[PDB]
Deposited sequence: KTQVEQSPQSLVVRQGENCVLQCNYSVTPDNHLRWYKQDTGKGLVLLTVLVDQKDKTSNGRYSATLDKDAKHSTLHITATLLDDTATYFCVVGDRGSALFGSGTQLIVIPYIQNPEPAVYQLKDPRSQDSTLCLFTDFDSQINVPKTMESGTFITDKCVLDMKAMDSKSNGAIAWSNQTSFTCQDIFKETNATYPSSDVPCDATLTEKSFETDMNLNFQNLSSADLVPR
């Protein structure tokens, strides 16, 4: 039975929104509690260290609380940025006795002021007849369909930033019949 539990388990929030993560534990000793952030395929980065029976910390957009009586902690992220997309771990205790929670997966999605959804077919010049579909510039609430067919594959939405932002998904199939129009059932094929 795990001794550190976190909520939400996962959440997808719109950029600029605040969010609150929670952790509670049954582990003793609990001299310190820490929150860590882990990006896609990255190492962990320490966000804050809480130590006192009732404690409160501030680190830029992060603020955190600790109530050792309740064995409870919260981490508040003010005004989320896309770069806040990551897993947040609560870690209780020290050194060899430290225990990690299973994490909260946070995803931050942008507001697209002017979506222009379009589906494009692209060709691979190194393979005769090899193509793929690109669904792009759709709004952030739009549902990208999952494959209902064998030999056809559709990726999850991927958010791209040129440094405007664009949502995109890709699909490919080994089926003679089916084209880009029947795969992405939104508009502009």
| property | result |
| --- | --- |
| Deposited positions without coordinates, collected into consecutive stretches in sequence order | 164 to 166, 193 to 229 |
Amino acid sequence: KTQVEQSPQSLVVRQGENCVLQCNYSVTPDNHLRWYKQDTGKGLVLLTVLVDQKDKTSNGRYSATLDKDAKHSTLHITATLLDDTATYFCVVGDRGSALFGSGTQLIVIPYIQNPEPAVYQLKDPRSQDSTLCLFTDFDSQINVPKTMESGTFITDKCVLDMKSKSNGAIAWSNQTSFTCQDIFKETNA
From here on, numbers count along this sequence of modelled residues.
query: Residue stretch of maximal mean CA temperature factor, 179 to 187 vs 2 to 10; finding: 179 to 187
query: Which of 166 to 174 and 19 to 27 has higher mean CA B factor, as the PDB entry lists it; finding: 166 to 174
query: Residue with maximal Cα B-factor (values as given in the PDB entry) among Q121, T57, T155, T136; finding: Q121
query: Largest Cα B-factor, entry values, listed residues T131, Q38, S63, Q141; finding: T131
query: Third of chain Cα B-factors occupied by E116; finding: highest
query: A70 CA temperature factor, ranked by third within the chain; finding: middle
query: Third of the chain, ranked by Cα B-factor, where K42 sits; finding: highest
query: Chain thirds of CA B-factor: placement of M148; finding: highest
query: Entry-reported Cα temperature factor of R126, expressed as the chain third it lands in; finding: highest
